[PDB]
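Here's the structure we're looking at; comments come further down.
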Amino acid sequence: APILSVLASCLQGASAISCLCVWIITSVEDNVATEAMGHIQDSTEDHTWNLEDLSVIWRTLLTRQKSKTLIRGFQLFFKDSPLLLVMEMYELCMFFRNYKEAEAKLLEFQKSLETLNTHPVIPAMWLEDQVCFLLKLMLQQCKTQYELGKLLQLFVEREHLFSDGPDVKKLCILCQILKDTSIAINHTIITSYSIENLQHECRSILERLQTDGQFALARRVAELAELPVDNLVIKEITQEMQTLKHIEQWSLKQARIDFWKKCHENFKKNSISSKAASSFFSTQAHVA
Amino acid sequence: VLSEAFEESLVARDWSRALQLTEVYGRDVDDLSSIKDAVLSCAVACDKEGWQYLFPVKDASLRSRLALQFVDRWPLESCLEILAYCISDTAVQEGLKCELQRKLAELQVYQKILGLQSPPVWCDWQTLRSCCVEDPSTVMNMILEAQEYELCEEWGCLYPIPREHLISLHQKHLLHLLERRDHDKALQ
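From first to last, the protein sequence lines are chains B and C. Residue numbers for the first sequence, in the authors' numbering: 1467 to 1584, 1590 to 1759. Sequential numbering from 1412 applies to the second sequence in the authors' numbering.
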């Protein structure tokens, strides 16, 4: 039932930060109400709630999307205090998708967090403790790959957050770096981003770009990883060579000379290491 | 009493005082998504603010079919965004993907055309398509007026052009390309 808890938190001597657990745990579906109860240890009548059980309740509710319940309780109970807006972003994003207002309300959240800092009932630091979970939850759970880019660019400036979150800068860079490509991210970097895991993943992304031939964006992509830019140029060269053989231009001397010259011409534009160019030559030389 | 709420709030399609009575008194279970998708649909195409109601429908096939149905009344600054993630969805049947993609092509082309000059060579998607239906010569002239041949390639690719001047169009781009010694582009 859920029209009893509201009366319960109206008699003289009820912890206003308690009855919220009762409401939010007794106004959902069966499996949701049950599987969330695992955090409890004692029996039903001997489990005085505190500012800790709401944590597992919050997490369980947000996971397996159901937010129009929390975004709804926090109005009867503890009012406009900032956690409400920190969750109100989550309806305009990842459900309702009018991102321009999302940017407008997140900054209002920051301003209020700063201003009101100039005793509460949600444990002061508890906000900053738990907002960092709504963030990675709003991020990890998104499905469409192009759906990711808009959030990752929304954040951008306000990077002080995501304490253990993935590195925003390089992430948004990669996002824009495929702003129209057919590829998709893998979320493996998203959940656990590392200085080396990024490369251990992006090697496949580079190979995938290499297969299609759209080599132009490949340079920008591999640039972020600070990986060796060498073989990419040689691969583009081989692709051109096979293209010419398909046009069979290697027989005609003029095109052959033009290609062998544009080879060095472009190679200057890449400033590759000497030895790689020496090999690129000597291989065709022995072939010649 | 609770069910005399939809069947009287879908008389006047106020689908914001009727998507409430399915979330406040609804005990938000999983299968309610279909009952929500229905109303969000039936309010997609009822007002000039159609942009912001065809994103939150979970059934992807519905996203597709509705977008193809009502791409018309939209500004070229928003219909593009609406189509983008649909074409970027990973579930729609491959049959609809071709159609939605093809429409994205024309949207992009009319965007690039709509701003070559500093002001109005048209008024919107609508005006430019009407003119393309109309004498398809002023647009081709303006397209060549920047010597930006590749855009004209599409601006006729969606609109068959005169069998006479097409050669005069085609050769000039090859000339310009050769001017910088770009062999492969000229070959293509």
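No residue lacks a Cβ here, since even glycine has one placed at the ideal position from N, Cα and C.
Item to check | Near-chain B residues of the segment 1464 to 1475 of chain C - C-beta to any C-beta below 7 angstroms | outcome: 1466, 1467
Next on the checklist: I want to see whether chain A comes within less than 8 angstroms of residue 1741 of chain B, judged by CB atoms only; does it?
Outcome noted: Absent from the structure is chain A; the protein chains it does hold are B and C.
Item to check | Start and end residues, alpha helix (DSSP H) containing residue 1525 of chain B | outcome: To locate residue 1525 of chain B, count along the first sequence from 1; it is residue 59. Note, residue 1525 of chain B: alpha helix (DSSP H), 1519 to 1528.
Item to check | Contacting residues, own chain, Cβ-Cβ under 7 angstroms from residue 1505 of chain B (five flanking each side not counted) | outcome: By 1-based counting over the first sequence, the position of residue 1505 of chain B is 39. Once the five neighbours on either side are set aside, the close Cβ partners of residue 1505 of chain B are 1519, 1522.
Next on the checklist: My parser needs the alpha helix (DSSP H) runs of 4 or more residues fully inside the segment 1527 to 1577 of chain C; what are they?
Outcome noted: 1536 to 1544, 1549 to 1555, 1560 to 1568
Next on the checklist: Classify residue 1472 of chain B: buried if its beta carbon has 16 or more other beta carbons within 10 angstroms, exposed otherwise.
Outcome noted: Numbered from 1 along the first sequence, position 6 holds the residue referred to as residue 1472 of chain B. Counting Cβ neighbours within 10 Å, residue 1472 of chain B comes out exposed, since fewer than 16 surround it.
Checklist entry - Where do the ends of the alpha helix (DSSP H) carrying residue 1552 of chain B lie? => result Here residue 1552 of chain B is taken as the residue at index 86 of the first sequence, counted from 1. Residues 1549 to 1558.
Checklist entry - For residue 1473 of chain C, which three-state DSSP category applies? => result The count along the second sequence starts at 1 and reaches residue 1473 of chain C at position 62. Three-state DSSP puts residue 1473 of chain C in a helix.
Checklist entry - At a cut of 8 angstroms, does the segment 1628 to 1636 of chain B reach the segment 1670 to 1679 of chain B through at least three beta carbon pairs? => result Contact fails: fewer than three Cβ-Cβ distances are below 8 angstroms.
Next on the checklist: Below 8 angstroms, how does it come out for the segment 1464 to 1472 of chain C and the segment 1500 to 1508 of chain C: are there three or more Cβ pairs, yes or no?
Outcome noted: yes
Next on the checklist: With a threshold of 8 angstroms between beta-carbons, can residue 1729 of chain B be considered close to chain C, or not?
Outcome noted: Counted from its first residue, the first sequence places residue 1729 of chain B at position 258. True, the Cβ-Cβ gap to chain C drops below 8 angstroms.
Next on the checklist: For a cutoff of 8 angstroms on Cβ pairs, would you count residue 1738 of chain B as touching chain C?
Outcome noted: For this step, residue 1738 of chain B is matched to residue 267 along the first sequence. No, residue 1738 of chain B lies away from the interface with chain C (no Cβ there is under 8 angstroms from its Cβ).
Item to check | alpha helix (DSSP H) runs contained entirely in the segment 1657 to 1736 of chain B, provided each spans 4 or more residues | outcome: 1659 to 1662, 1668 to 1683, 1686 to 1696, 1701 to 1718
Item to check | Contact residues within the segment 1700 to 1734 of chain B, judged by C-beta distance below 9 angstroms to chain C | outcome: 1711, 1714, 1715, 1718, 1720, 1726, 1729, 1730, 1733
Checklist entry - Are the Cβ atoms of residue 1588 of chain B and residue 1688 of chain B separated by less than 8 angstroms? => result Missing from the coordinates is residue 1588 of chain B; the shown part of chain B jumps over it, going from 1584 to 1590.
Checklist entry - Is residue 1415 of chain C buried or exposed, if buried means 16 or more other CB atoms sit within 10 Å of its CB? => result For this step, residue 1415 of chain C is matched to residue 4 along the second sequence. Residue 1415 of chain C comes out exposed.
Item to check | Closest residue to residue 1666 of chain B among B:1641, B:1646, B:1526, B:1743 (Cα-Cα distance) | outcome: Stepping through the first sequence from its first residue, residue 1666 of chain B is reached at position 195. Nearest option by C-alpha distance: B:1641.
Checklist entry - Can you find a CB in chain B that lies within less than 8 angstroms of the CB of residue 1499 of chain C? => result Within the second sequence, the letter at position 88 stands for residue 1499 of chain C. With a threshold of 8 angstroms between beta carbons, residue 1499 of chain C makes contact with chain B.
Checklist entry - In terms of alpha-carbon separation, which member of B:1512, B:1572, B:1660, B:1568 lies closest to residue 1558 of chain B? => result As a working note, residue 1558 of chain B is residue 92 in the first sequence. Of B:1512, B:1572, B:1660, B:1568, the residue nearest in Cα terms is B:1568.
Next on the checklist: So if I threshold CB-CB distances at 8 angstroms, which residues from the segment 1476 to 1504 of chain B count as touching chain C?
Outcome noted: Flagged, chain order: 1493, 1494, 1495.
Item to check | Cβ-based burial, residue 1548 of chain B [other Cβ within 10 Å; buried from 16] | outcome: Start at 1 with the first residue of the first sequence, and residue 1548 of chain B comes out as number 82. The residue is buried, with at least 16 neighbouring Cβ atoms inside 10 Å.
Checklist entry - Can you tell which of B:1488, B:1545, B:1680 has its C-alpha closest to the C-alpha of residue 1513 of chain B? => result Translated into positions along the first sequence, residue 1513 of chain B becomes position 47. Among B:1488, B:1545, B:1680, the Cα nearest to that of residue 1513 of chain B belongs to B:1488.
Checklist entry - Hey, how far is the Cα of residue 1595 of chain C from the Cα of residue 1541 of chain C? => result Along the second sequence, one-based indexing puts residue 1595 of chain C at 184. Along the second sequence, one-based indexing puts residue 1541 of chain C at 130. If you take the alpha carbons of residue 1595 of chain C and residue 1541 of chain C, they lie about 37 angstroms apart.
Checklist entry - In chain order, what residues of the segment 1609 to 1622 of chain B put their CB closer than 8 angstroms to some CB of chain C? => result 1614, 1615, 1616, 1617, 1618
Checklist entry - Between which two residues does the alpha helix (DSSP H) harbouring residue 1604 of chain B extend? => result Counting from 1 along the first sequence, the entry for residue 1604 of chain B is found at position 133. Taken as a continuous stretch (DSSP letters only), the alpha helix (DSSP H) holding residue 1604 of chain B covers 1597 to 1611.
Checklist entry - In whole angstroms, what separates the C-alpha of residue 1451 of chain C from that of residue 1476 of chain C? => result On the second sequence, residue 1451 of chain C is found 40 positions in, with the first residue counted as 1. On the second sequence, residue 1476 of chain C is found 65 positions in, with the first residue counted as 1. Their Cα atoms are separated by approximately 14 angstroms.
Next on the checklist: I want to verify the contact list: residues of chain C whose CB lies under 7 angstroms from the CB of residue 1534 of chain B, in sequence order.
Outcome noted: Position 68 of the first sequence, counted from the first residue, corresponds to residue 1534 of chain B. Here the neighbours are 1434, 1439.
Item to check | Closer than 7 angstroms at the beta carbon, the chain C residues around residue 1564 of chain B | outcome: As a first step, residue 1564 of chain B must be located in the first sequence, where it is residue number 98. Under the 7 angstroms cutoff, chain C gives 1463.
Checklist entry - Comparing the C-beta of residue 1458 of chain C with each C-beta of chain B, is any distance below 8 angstroms? => result Taking the second sequence and counting its residues from 1, one reaches residue 1458 of chain C at position 47. Not a single CB atom of chain B sits nearer than 8 angstroms to the CB of residue 1458 of chain C.
Checklist entry - Which of the three DSSP states, helix, strand or coil, is assigned to residue 1494 of chain B? => result In the first sequence, counting from the first residue as 1, residue 1494 of chain B sits at position 28. DSSP places residue 1494 of chain B in coil when its eight states are reduced to three.
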